Protein chains: 2
Amino acid sequence: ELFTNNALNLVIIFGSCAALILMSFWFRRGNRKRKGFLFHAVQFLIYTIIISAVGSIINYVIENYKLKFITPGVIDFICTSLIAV
Amino acid sequence: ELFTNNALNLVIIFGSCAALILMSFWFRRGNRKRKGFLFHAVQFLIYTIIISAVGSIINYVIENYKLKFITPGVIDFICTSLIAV
């Protein structure tokens, strides 16, 4: 249920909220409007974290609930493919 | 409880106290005020020890008590990331 999902989510929702806060800060680029090189790189890094969090979610969704026929191999492959892209 | 936590902590608290004593000694730099190069390096080393001690703690906190959803992989990854940083 909702309570079980929130409990098993752990700090994945916290990680997503932190990523959203980081994106909001990047909207002003921290202090003044300036982007380029490293400003992108760190963003890429945090993007990976989000995907990792998503992975955890798409784990616990299929762990406590019905296993279905998704398997973790294809989802981790998709995560790596998105990161590379 | 407090007694169980103190027992399972072992010498981790002792390691933290030794690290605090080393930091206090470094405040006077041993004998006279002088810092540079090696004075930092050894400090870095002891810093790692502290993190290791912290790891042990964040182990036994989630071992005897509720497992929760923290997992040891992310905490060791965070320890290594902090050491590298």
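What you see below is based on every heavy atom in this structure, not just the backbone, and it leaves out hydrogens, waters and symmetry mates. Lettering of chains follows the sequences in order, A, B, ..., and the numbering in each one begins at 1.
Between B/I46 and B/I50, some side-chain heavy-atom pair lies under the 4.5 Å cut-off.
Taking both residues in full, the closest heavy atoms of B/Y60 and B/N64 are given as O-OD1, 2.8 Å, listed atom of the first, atom of the second, then distance.
The hydrophobic cluster around B/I78 extends to B/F77, counting ILVMFWY residues whose side-chain heavy atoms fall within less than 4.5 Å of a member.
How far CD1 of B/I51 is from OG1 of B/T48: 8.0 Å, rounded to the nearest 0.5 Å. How far OH of B/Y47 is from CD1 of B/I83: 11.0 Å, rounded to the nearest 0.5 Å.
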Kindly determine whether B/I57 and B/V54 satisfy side-chain contact (heavy atoms from CB on, under 4.5 Å), including the steps that lead there.
-> CA-CA 5 Å; B/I57 288 187; B/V54 157; 5.5 Å; no
Let me check something: any side-chain donor-acceptor pairs from residues 67-76 of chain A under 3.5 Å, sequence neighbours excluded? List them with distances.
none

